[PDB]
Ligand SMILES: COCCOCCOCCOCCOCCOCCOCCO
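Only one chain is given next, in structure tokens, and it is the form solved without the named molecule.
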């Protein structure tokens, strides 16, 4: 399993030691408080009131937790994924990323604490 922190201001994302392989079932739990710039903070589902101004992930709110698996596009994580299997041919290290507009990560604040494990399969 992996446990660690993902900073909201980390545009490249936080690489984990989890390599997602074909058939793996994973569970992710995310917690904490972060901002994409405002003095307010939001949890891992982000800000449901804020429009999408060009986010790295269009299927999650600004300020949500998302991930990439190897060379994949972004995949929503939000609060977490329960005994999840990847629906397509994605493989490789999981990187956790804060959902914001590229180039705008420098004013971000806070972090999420994340746990990832592989479940029985």
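Residue numbers count along the first chain shown, from 1. For the two forms, the rigid core is made up of the largest set of C-alpha atoms that agree within 1.5 Å on superposition.
*Asks:* Do the Cα atoms of 85-93 stray more than those of 35-43 in 9 other deposited structures of this protein, or is it the other way round, with the core held fixed?
*Replies:* Of the two stretches, the larger average C-alpha offset in 9 other deposited structures of this protein falls on 85-93.
*Asks:* Please compare 40-48 with 80-88 and name the stretch with the higher mean C-alpha B-factor in the deposited structure.
*Replies:* Higher of the two, by average CA B-factor, is 80-88.
*Asks:* Hey, which bit's got the bigger mean C-alpha B factor in the entry, 22-30 or 59-67?
*Replies:* Averaging CA B-factors over each stretch, the winner is 22-30.
*Asks:* Of the choices 17, 113, 99, 109, which one's C-alpha carries the largest B-factor in the record?
*Replies:* Comparing C-alpha B-factors across 17, 113, 99, 109, the top value belongs to 17.
*Asks:* Would you check the entry's CA temperature factor for residue 7 and let me know if it's in the chain's lowest, middle or highest third?
*Replies:* Middle third by C-alpha B-factor.
*Asks:* Residue 72: which third of its chain by C-alpha temperature factor?
*Replies:* As the PDB entry reports it, the C-alpha B-factor of residue 72 lands in the highest third of its chain.
Below, we refer to the form deposited with the named molecule bound, which is not included among the displayed structures.
*Asks:* Please classify the binding site as open or blocked after superposing the named molecule from its position in the deposited bound form; blocked means at least 3 ligand atoms come within 2.4 Å of backbone or C-beta atoms of this form.
*Replies:* After superposition, the named molecule sits free of the main chain and C-betas, so open.
*Asks:* Is residue 74 one of the residues lying within 4.5 Å of the named molecule in the deposited bound form, judged by heavy atom distances?
*Replies:* Taking the distances in the deposited bound form, the answer for residue 74 is yes, it comes within 4.5 Å of the named molecule.
*Asks:* Can you tell me if residue 24 lies within 4.5 angstroms of the named molecule in the deposited bound form, counting non-hydrogen atoms only?
*Replies:* Taking the distances in the deposited bound form, the answer for residue 24 is no, it never comes within 4.5 Å of the named molecule.
*Asks:* Is there a heavy atom of residue 56 lying 4.5 Å or less from a heavy atom of the named molecule in the deposited bound form?
*Replies:* Result yes; residue 56 sits at the interface with the named molecule in the deposited bound form.
*Asks:* So in the deposited bound form, is the named molecule close enough to residue 97 to count as touching (4.5 Å, heavy atoms)?
*Replies:* Taking the distances in the deposited bound form, the answer for residue 97 is yes, it comes within 4.5 Å of the named molecule.
*Asks:* Could you list which residues of 1-39 come within 4.5 Å of the named molecule in the deposited bound form, counting heavy atoms only?
*Replies:* Those in contact are 11, 12.
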